[PDB]
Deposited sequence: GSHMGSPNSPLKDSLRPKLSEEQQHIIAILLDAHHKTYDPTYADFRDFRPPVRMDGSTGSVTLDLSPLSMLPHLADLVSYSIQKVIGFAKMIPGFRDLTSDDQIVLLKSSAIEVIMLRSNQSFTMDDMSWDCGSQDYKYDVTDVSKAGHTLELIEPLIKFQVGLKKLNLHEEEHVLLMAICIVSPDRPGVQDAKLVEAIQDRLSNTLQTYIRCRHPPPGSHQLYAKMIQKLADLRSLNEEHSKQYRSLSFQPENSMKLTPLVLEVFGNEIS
């Protein structure tokens, strides 16, 4: 069932994730603080968190078997397009359905609809994002499946601007097979029912969220006063 190589891929992705995701959120204290009374009083803090998250996503992606072996240009495009999606995925670990919020260890760092509203966004985006998280949490994925889904998301050959798609596809196919085989031999019924199919449908939902966020990011960042509240890395990665 699970070949050595596939076990090796999982071993590497789990190590990578462990090294890029602190489930105590200790570093949150170094962000500009959250204000939950400009109207966007949660923008500074949430931009900082996003920025931070982008750095961790980059660290995770560098450990994806083969990813470092792509050209820089393809590494850059893949990361630019996926960053928001991987941050959304990786956020499922703090998300809680108790009260539909992202619970990052304390009340100060517990984010709900109103916080995200205080970051400049609307309910037309915020609602599908909570719906996304609910559906994804309902999957109750194993950590091995979760890290696999993040990597499969990063190594997508249809991202606009990808130069060597045959090589990106090669990587993702390996991750995909490993994921499919993992579920077959590790994920026991009845949680494994059409599990791959639901996980890949989450990748589709993420593209849709990506598209719409890009639109709102475009209207937010268009105002220089709001752009001023973002980070240099965020400006680079999402654009100006």
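Participant: Numbering the deposited sequence from 1, which residue ranges have no coordinates here?
Facilitator: Several regions go unmodelled: 1 to 17, 55 to 65, 269 to 271.
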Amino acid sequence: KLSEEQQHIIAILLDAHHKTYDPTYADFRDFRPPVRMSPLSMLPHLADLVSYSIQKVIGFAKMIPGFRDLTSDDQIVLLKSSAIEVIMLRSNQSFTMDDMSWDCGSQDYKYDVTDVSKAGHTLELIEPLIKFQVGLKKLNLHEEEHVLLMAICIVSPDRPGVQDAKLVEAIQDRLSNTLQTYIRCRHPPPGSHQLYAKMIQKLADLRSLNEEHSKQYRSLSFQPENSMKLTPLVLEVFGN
From here on, numbers count along this sequence of modelled residues.
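Under this definition, the rigid core comprises the largest set of C-alpha atoms superposing within 1.5 Å between the forms.
Participant: Do you reckon 84 to 92 or 117 to 125 strays further from the shown form in 9 other deposited structures of this protein, measuring C-alpha RMS after a core fit?
Facilitator: With the rigid core superposed, the C-alphas that lie farther in 9 other deposited structures of this protein are those of 117 to 125.
Participant: Core-aligned, which moves more in 9 other deposited structures of this protein: 25 to 33 or 190 to 198, by CA RMS?
Facilitator: Between 25 to 33 and 190 to 198, the one lying farther away in 9 other deposited structures of this protein is 190 to 198.
Participant: Please work out which of 216 to 224 and 10 to 18 has the higher mean CA B-factor as recorded in the PDB entry.
Facilitator: 216 to 224 has the higher mean C-alpha B-factor.
Participant: For the C-alpha atoms alone, is the average B factor greater in 139 to 147 or in 97 to 105, going by the entry?
Facilitator: Mean B over CA atoms: larger for 97 to 105.
Participant: Among the candidates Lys198, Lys56, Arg207, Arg29, give the one with the maximum CA B-factor reported in the record.
Facilitator: It is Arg29.
Participant: Taking the C-alpha B-factors as the PDB entry records them, is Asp158 in the lowest, middle or highest third of its chain?
Facilitator: Middle third by C-alpha B-factor.
Participant: Compare the C-alpha B factor of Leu2 with those of the other modelled residues in its chain, then answer lowest, middle or highest third.
Facilitator: Its C-alpha B-factor belongs to the highest third of this chain's values.
Participant: In terms of the CA temperature factor given in the entry, to which third of its chain does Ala61 belong: lowest, middle or highest?
Facilitator: Lowest third.
Participant: Which third of the chain does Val237 land in by C-alpha B-factor: lowest, middle or highest?
Facilitator: CA B-factor rank for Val237: highest third.
Participant: Of the three thirds of its chain by CA temperature factor, lowest, middle or highest, which one includes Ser192?
Facilitator: Within its chain, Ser192 is a highest-third residue by C-alpha B-factor, going by the deposited values.
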